[PDB]
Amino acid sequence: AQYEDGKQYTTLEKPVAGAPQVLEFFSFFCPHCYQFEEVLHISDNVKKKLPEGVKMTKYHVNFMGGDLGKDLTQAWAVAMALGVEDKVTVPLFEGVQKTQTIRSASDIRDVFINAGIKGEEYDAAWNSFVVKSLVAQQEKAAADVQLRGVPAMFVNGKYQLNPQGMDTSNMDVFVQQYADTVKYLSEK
């Protein structure tokens, strides 16, 4: 078959119920995640191949980067709460992996300030129980699939994308195979 378990995707032994339709996990410390955002735009290209209604969810993980890694999961909850993911994703990636200017929680906050989030707005959100609950959701979702590596994408809590089983001589062909695979899995 053209799409095969073990090839473009794998099937979770214990599938998780009530999971978001398309769920990505990343870390701002994760080198392939940097590529998936800045060079490949995986999330955008997947979204372009799915129906207009479908929901895509993207969550940060704690297991890379120690204390700053957990700060970043909380900051990502702030981003989701305020709806400013698109404004902060690139400068967070570059601050962690390119310019080495993100070394503390205050440095993370600077990125939001420079992106135009008001200081009181960020601090209030950072300390809010709405954001605490979003942190819990990010952790629960990774726990549900015993997540030990990123980037990762899961479809309907049942299938895990396997990019290592796709072709990578051509970056654009790779992205469309990935997106087309997500489409095939969503229609399963």
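Residue positions are given as counts along the sequence shown, with the first one as 1. For clarity, a rigid core is taken as the largest C-alpha set superposing within 1.5 Å between two forms.
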Given a rigid core fit, name the stretch, 51 to 59 or 116 to 124, whose C-alphas are on average farther from the form shown here in 5 other deposited structures of this protein. 51 to 59
When the Cα temperature factors in the entry are averaged, is it 41 to 49 or 59 to 67 that ends up higher? 41 to 49
With respect to the recorded C-alpha B factors, which stretch has the higher mean value, 135 to 143 or 155 to 163? 155 to 163
Using only modelled residues of the chain, where does the Cα B factor of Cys33 rank: lowest third, middle third or highest third? lowest
Third of the chain, ranked by Cα B-factor, where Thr181 sits: lowest
CA B-factor ranking of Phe129, expressed as a third of its chain: highest
Determine, from the deposited record, the chain-internal third of the Cα B-factor for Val173: lowest, middle or highest. middle
Once the chain's modelled residues are ordered by C-alpha B factor and cut into thirds, is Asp110 in the lowest, middle or highest one? lowest
